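S.K.: Coordinates in work_25.cif, mmCIF, C-alpha atoms, are listed below.
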```cif
data_protein
loop_
_atom_site.group_PDB
_atom_site.id
_atom_site.type_symbol
_atom_site.label_atom_id
_atom_site.label_comp_id
_atom_site.auth_asym_id
_atom_site.auth_seq_id
_atom_site.Cartn_x
_atom_site.Cartn_y
_atom_site.Cartn_z
ATOM 1 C CA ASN P 342 133.031 190.541 -45.502
ATOM 2 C CA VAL P 343 135.832 192.775 -46.783
ATOM 3 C CA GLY P 344 136.395 195.441 -44.127
ATOM 4 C CA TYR P 345 136.100 195.663 -40.368
ATOM 5 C CA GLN P 346 136.209 199.454 -39.610
ATOM 6 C CA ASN P 347 138.039 198.867 -36.288
ATOM 7 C CA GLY P 348 140.654 196.664 -34.665
ATOM 8 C CA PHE P 349 138.673 193.449 -34.229
ATOM 9 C CA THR P 350 140.102 191.327 -37.116
ATOM 10 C CA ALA P 351 138.046 188.288 -36.100
ATOM 11 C CA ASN P 352 134.676 186.772 -36.922
ATOM 12 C CA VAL P 353 131.926 185.299 -34.757
ATOM 13 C CA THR P 354 130.124 182.048 -35.553
ATOM 14 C CA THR P 355 126.538 181.037 -34.945
ATOM 15 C CA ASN P 356 127.315 177.580 -33.497
ATOM 16 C CA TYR P 357 130.047 176.680 -30.995
ATOM 17 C CA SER P 358 129.842 172.943 -30.472
ATOM 18 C CA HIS P 359 133.017 171.549 -28.937
ATOM 19 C CA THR P 360 135.404 169.057 -30.550
ATOM 20 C CA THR P 361 133.312 166.160 -29.185
ATOM 21 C CA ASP P 362 130.959 166.706 -32.142
ATOM 22 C CA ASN P 363 132.026 165.831 -35.679
ATOM 23 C CA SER P 364 130.175 165.726 -38.984
ATOM 24 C CA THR P 365 131.358 162.762 -41.037
ATOM 25 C CA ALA P 366 131.930 163.481 -44.722
ATOM 26 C CA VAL P 367 130.781 160.996 -47.373
ATOM 27 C CA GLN P 368 133.085 160.508 -50.364
ATOM 28 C CA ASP P 369 133.739 158.335 -53.426
ATOM 29 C CA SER P 370 130.362 159.416 -54.760
ATOM 30 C CA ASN P 371 130.950 158.986 -58.538
ATOM 31 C CA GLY P 372 127.472 160.316 -59.398
ATOM 32 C CA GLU P 373 125.750 157.061 -58.484
ATOM 33 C CA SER P 374 123.024 158.227 -56.136
ATOM 34 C CA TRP P 375 121.646 156.623 -52.991
ATOM 35 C CA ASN P 376 118.272 155.461 -54.304
ATOM 36 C CA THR P 377 119.935 153.927 -57.389
ATOM 37 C CA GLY P 378 121.370 150.609 -56.241
ATOM 38 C CA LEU P 379 118.432 150.062 -53.915
ATOM 39 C CA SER P 380 114.757 150.476 -54.752
ATOM 40 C CA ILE P 381 112.800 152.701 -52.361
ATOM 41 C CA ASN P 382 109.260 153.857 -53.118
ATOM 42 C CA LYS P 383 107.449 156.782 -51.498
ATOM 43 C CA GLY P 384 106.799 154.950 -48.227
ATOM 44 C CA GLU P 385 109.613 152.456 -47.662
ATOM 45 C CA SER P 386 112.460 152.068 -45.160
ATOM 46 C CA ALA P 387 116.192 151.320 -45.106
ATOM 47 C CA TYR P 388 118.327 150.280 -42.158
ATOM 48 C CA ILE P 389 121.686 151.639 -40.964
ATOM 49 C CA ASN P 390 124.947 149.982 -39.924
ATOM 50 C CA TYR T 439 121.471 167.667 -19.761
ATOM 51 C CA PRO T 440 121.718 167.883 -23.544
ATOM 52 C CA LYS T 441 123.527 171.215 -23.622
ATOM 53 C CA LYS T 442 122.597 174.266 -25.683
ATOM 54 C CA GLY T 443 123.389 173.381 -29.280
ATOM 55 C CA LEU T 444 122.618 169.644 -29.094
ATOM 56 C CA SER T 445 119.821 167.174 -29.803
ATOM 57 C CA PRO T 446 117.091 166.285 -27.281
ATOM 58 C CA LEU T 447 116.476 162.902 -25.698
ATOM 59 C CA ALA T 448 113.872 160.304 -26.587
ATOM 60 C CA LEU T 449 111.276 158.824 -24.243
ATOM 61 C CA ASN T 450 110.261 155.142 -24.265
ATOM 62 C CA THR T 451 111.897 154.222 -27.538
ATOM 63 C CA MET T 452 111.292 150.694 -28.838
ATOM 64 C CA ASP T 453 114.283 148.843 -27.415
ATOM 65 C CA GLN T 454 115.355 146.162 -24.927
ATOM 66 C CA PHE T 455 114.561 148.354 -21.916
ATOM 67 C CA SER T 456 111.287 150.075 -22.749
ATOM 68 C CA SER T 457 107.634 150.238 -21.795
ATOM 69 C CA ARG T 458 104.267 150.337 -23.482
ATOM 70 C CA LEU T 459 103.570 153.703 -25.084
ATOM 71 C CA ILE T 460 100.929 155.986 -23.644
ATOM 72 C CA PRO T 461 97.315 155.810 -24.911
ATOM 73 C CA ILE T 462 94.823 158.601 -25.474
ATOM 74 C CA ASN T 463 91.157 157.693 -25.777
ATOM 75 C CA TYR T 464 88.669 159.665 -27.842
ATOM 76 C CA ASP T 465 87.419 162.165 -25.244
ATOM 77 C CA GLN T 466 90.863 163.332 -24.126
ATOM 78 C CA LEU T 467 91.758 163.649 -27.813
ATOM 79 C CA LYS T 468 88.687 165.839 -28.350
ATOM 80 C CA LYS T 469 89.748 167.955 -25.386
ATOM 81 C CA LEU T 470 93.175 168.188 -27.017
ATOM 82 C CA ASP T 471 91.310 169.378 -30.114
ATOM 83 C CA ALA T 472 90.477 172.418 -27.967
ATOM 84 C CA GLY T 473 93.121 174.726 -26.498
ATOM 85 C CA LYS T 474 93.926 172.491 -23.528
ATOM 86 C CA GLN T 475 97.598 171.608 -23.186
ATOM 87 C CA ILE T 476 99.594 168.906 -21.403
ATOM 88 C CA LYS T 477 101.305 169.600 -18.076
ATOM 89 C CA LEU T 478 104.496 167.755 -17.178
ATOM 90 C CA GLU T 479 105.042 167.057 -13.493
ATOM 91 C CA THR T 480 108.089 165.796 -11.590
ATOM 92 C CA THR T 481 107.540 163.903 -8.346
ATOM 93 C CA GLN T 482 111.054 163.636 -6.893
ATOM 94 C CA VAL T 483 114.587 163.096 -8.154
ATOM 95 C CA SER T 484 117.223 160.849 -6.587
ATOM 96 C CA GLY T 485 120.751 162.179 -6.784
ATOM 97 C CA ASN T 486 124.152 162.721 -5.193
ATOM 98 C CA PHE T 487 126.435 165.583 -4.253
#
```
Please, can you express the file's structure as structure tokens?
M.R.:
Amino acid sequence: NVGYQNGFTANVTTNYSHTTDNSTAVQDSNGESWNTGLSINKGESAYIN
Amino acid sequence: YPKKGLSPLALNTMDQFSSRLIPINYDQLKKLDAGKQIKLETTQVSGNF
């Protein structure tokens, strides 16, 4: 927010996972979506590597 | 063992080291259709100090 009303000057999170936990960020998207180059219907699967 | 803020484990996933999954017949399923819940029990653990 804007103000703090007292001498805290810090903010508290809601999640404190350590640095052993990272969220990888996809990039080079270019608008071309995930179900575009590969055909997936309502009940199909796709494998990860 | 998965700490607070992390994902739970899986049990008997389909892999190299696995087992046959656990079957429910019809009558136990109809009892589960009532308000009768499943109790987990631990026999003994084997550890070190």
S.K.: Once the PyMOL selection byres ((chain T) within 12 of (chain P)) is applied to the coordinates I shared, what remains selected? I want it as a list in words.
M.R.: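 Checked against the file, the PyMOL selection byres ((chain T) within 12 of (chain P)) matches residues 440, 441, 442, 443, 444 and 445 of chain T.
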S.K.: Step by step: start from the point (122.0, 152.9, -44.6) in the file's coordinates, keep every protein, DNA or RNA residue that has an atom no farther than 12 Å from it, count all atoms listed in the file, and write the set as an MDAnalysis selection string.
M.R.: chainID P and resid 375:376 378:379 386:390
S.K.: For a test of reading the model, state the distance in Å between CA of residue 448 (chain T) and CA of residue 460 (chain T), rounded to one decimal.
M.R.: 14.0 Å
S.K.: Work out how far CA of residue 454 (chain T) is from CA of residue 481 (chain T), in Å to one decimal.
M.R.: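 CA of residue 481 (chain T) sits 25.5 Å away from CA of residue 454 (chain T).
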S.K.: To one decimal place in Å, what is the distance between CA of residue 475 (chain T) and CA of residue 447 (chain T)?
M.R.: 20.9 Å
S.K.: Complete region 449-471 of chain T at the level of N, CA, C and O atoms, written as a PDB file, keeping the file's coordinate frame.
M.R.:
```
ATOM      1  N   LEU T 449     111.977 159.358 -25.402  1.00  0.00           N
ATOM      2  CA  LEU T 449     111.276 158.824 -24.243  1.00  0.00           C
ATOM      3  C   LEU T 449     110.501 157.585 -24.651  1.00  0.00           C
ATOM      4  O   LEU T 449     109.619 157.666 -25.510  1.00  0.00           O
ATOM      5  N   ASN T 450     110.834 156.463 -24.011  1.00  0.00           N
ATOM      6  CA  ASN T 450     110.261 155.142 -24.265  1.00  0.00           C
ATOM      7  C   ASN T 450     110.387 154.751 -25.737  1.00  0.00           C
ATOM      8  O   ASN T 450     109.406 154.487 -26.432  1.00  0.00           O
ATOM      9  N   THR T 451     111.627 154.739 -26.211  1.00  0.00           N
ATOM     10  CA  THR T 451     111.897 154.222 -27.538  1.00  0.00           C
ATOM     11  C   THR T 451     111.803 152.700 -27.535  1.00  0.00           C
ATOM     12  O   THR T 451     111.950 152.049 -26.501  1.00  0.00           O
ATOM     13  N   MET T 452     111.520 152.134 -28.702  1.00  0.00           N
ATOM     14  CA  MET T 452     111.292 150.694 -28.838  1.00  0.00           C
ATOM     15  C   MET T 452     112.632 149.972 -28.774  1.00  0.00           C
ATOM     16  O   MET T 452     113.333 149.852 -29.782  1.00  0.00           O
ATOM     17  N   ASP T 453     112.983 149.474 -27.595  1.00  0.00           N
ATOM     18  CA  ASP T 453     114.283 148.843 -27.415  1.00  0.00           C
ATOM     19  C   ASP T 453     114.152 147.716 -26.396  1.00  0.00           C
ATOM     20  O   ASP T 453     113.043 147.287 -26.062  1.00  0.00           O
ATOM     21  N   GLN T 454     115.302 147.229 -25.920  1.00  0.00           N
ATOM     22  CA  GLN T 454     115.355 146.162 -24.927  1.00  0.00           C
ATOM     23  C   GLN T 454     114.735 146.610 -23.609  1.00  0.00           C
ATOM     24  O   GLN T 454     113.892 145.914 -23.034  1.00  0.00           O
ATOM     25  N   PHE T 455     115.149 147.771 -23.113  1.00  0.00           N
ATOM     26  CA  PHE T 455     114.561 148.354 -21.916  1.00  0.00           C
ATOM     27  C   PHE T 455     113.585 149.450 -22.314  1.00  0.00           C
ATOM     28  O   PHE T 455     113.993 150.579 -22.598  1.00  0.00           O
ATOM     29  N   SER T 456     112.299 149.125 -22.319  1.00  0.00           N
ATOM     30  CA  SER T 456     111.287 150.075 -22.749  1.00  0.00           C
ATOM     31  C   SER T 456     110.029 149.851 -21.930  1.00  0.00           C
ATOM     32  O   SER T 456     110.033 149.138 -20.922  1.00  0.00           O
ATOM     33  N   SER T 457     108.943 150.465 -22.375  1.00  0.00           N
ATOM     34  CA  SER T 457     107.634 150.238 -21.795  1.00  0.00           C
ATOM     35  C   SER T 457     106.611 150.401 -22.902  1.00  0.00           C
ATOM     36  O   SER T 457     106.940 150.792 -24.025  1.00  0.00           O
ATOM     37  N   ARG T 458     105.368 150.088 -22.572  1.00  0.00           N
ATOM     38  CA  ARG T 458     104.267 150.337 -23.482  1.00  0.00           C
ATOM     39  C   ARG T 458     104.044 151.838 -23.617  1.00  0.00           C
ATOM     40  O   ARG T 458     104.108 152.583 -22.636  1.00  0.00           O
ATOM     41  N   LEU T 459     103.816 152.288 -24.849  1.00  0.00           N
ATOM     42  CA  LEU T 459     103.570 153.703 -25.084  1.00  0.00           C
ATOM     43  C   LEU T 459     102.203 154.107 -24.539  1.00  0.00           C
ATOM     44  O   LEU T 459     101.364 153.276 -24.193  1.00  0.00           O
ATOM     45  N   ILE T 460     101.984 155.411 -24.470  1.00  0.00           N
ATOM     46  CA  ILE T 460     100.929 155.986 -23.644  1.00  0.00           C
ATOM     47  C   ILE T 460      99.692 156.198 -24.507  1.00  0.00           C
ATOM     48  O   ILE T 460      99.793 156.835 -25.570  1.00  0.00           O
ATOM     49  N   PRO T 461      98.529 155.689 -24.102  1.00  0.00           N
ATOM     50  CA  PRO T 461      97.315 155.810 -24.911  1.00  0.00           C
ATOM     51  C   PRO T 461      96.437 156.998 -24.548  1.00  0.00           C
ATOM     52  O   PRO T 461      96.257 157.359 -23.384  1.00  0.00           O
ATOM     53  N   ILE T 462      95.873 157.599 -25.590  1.00  0.00           N
ATOM     54  CA  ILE T 462      94.823 158.601 -25.474  1.00  0.00           C
ATOM     55  C   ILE T 462      93.555 157.995 -26.041  1.00  0.00           C
ATOM     56  O   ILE T 462      93.570 157.450 -27.151  1.00  0.00           O
ATOM     57  N   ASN T 463      92.465 158.096 -25.290  1.00  0.00           N
ATOM     58  CA  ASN T 463      91.157 157.693 -25.777  1.00  0.00           C
ATOM     59  C   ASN T 463      90.554 158.819 -26.613  1.00  0.00           C
ATOM     60  O   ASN T 463      91.221 159.797 -26.959  1.00  0.00           O
ATOM     61  N   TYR T 464      89.272 158.699 -26.938  1.00  0.00           N
ATOM     62  CA  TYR T 464      88.669 159.665 -27.842  1.00  0.00           C
ATOM     63  C   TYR T 464      88.376 160.989 -27.149  1.00  0.00           C
ATOM     64  O   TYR T 464      88.606 162.049 -27.733  1.00  0.00           O
ATOM     65  N   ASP T 465      87.888 160.948 -25.904  1.00  0.00           N
ATOM     66  CA  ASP T 465      87.419 162.165 -25.244  1.00  0.00           C
ATOM     67  C   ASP T 465      88.570 163.089 -24.872  1.00  0.00           C
ATOM     68  O   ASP T 465      88.463 164.313 -25.023  1.00  0.00           O
ATOM     69  N   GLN T 466      89.675 162.526 -24.381  1.00  0.00           N
ATOM     70  CA  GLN T 466      90.863 163.332 -24.126  1.00  0.00           C
ATOM     71  C   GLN T 466      91.441 163.892 -25.418  1.00  0.00           C
ATOM     72  O   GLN T 466      91.961 165.011 -25.429  1.00  0.00           O
ATOM     73  N   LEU T 467      91.335 163.139 -26.516  1.00  0.00           N
ATOM     74  CA  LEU T 467      91.758 163.649 -27.813  1.00  0.00           C
ATOM     75  C   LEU T 467      90.877 164.801 -28.275  1.00  0.00           C
ATOM     76  O   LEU T 467      91.376 165.758 -28.874  1.00  0.00           O
ATOM     77  N   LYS T 468      89.576 164.742 -27.984  1.00  0.00           N
ATOM     78  CA  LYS T 468      88.687 165.839 -28.350  1.00  0.00           C
ATOM     79  C   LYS T 468      88.903 167.051 -27.458  1.00  0.00           C
ATOM     80  O   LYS T 468      88.654 168.184 -27.882  1.00  0.00           O
ATOM     81  N   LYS T 469      89.337 166.832 -26.220  1.00  0.00           N
ATOM     82  CA  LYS T 469      89.748 167.955 -25.386  1.00  0.00           C
ATOM     83  C   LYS T 469      91.056 168.549 -25.888  1.00  0.00           C
ATOM     84  O   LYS T 469      91.269 169.763 -25.806  1.00  0.00           O
ATOM     85  N   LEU T 470      91.939 167.701 -26.419  1.00  0.00           N
ATOM     86  CA  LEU T 470      93.175 168.188 -27.017  1.00  0.00           C
ATOM     87  C   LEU T 470      92.901 168.914 -28.326  1.00  0.00           C
ATOM     88  O   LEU T 470      93.699 169.757 -28.749  1.00  0.00           O
ATOM     89  N   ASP T 471      91.771 168.614 -28.964  1.00  0.00           N
ATOM     90  CA  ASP T 471      91.310 169.378 -30.114  1.00  0.00           C
ATOM     91  C   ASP T 471      90.919 170.804 -29.744  1.00  0.00           C
ATOM     92  O   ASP T 471      90.876 171.666 -30.626  1.00  0.00           O
TER      93      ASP T 471
END
```
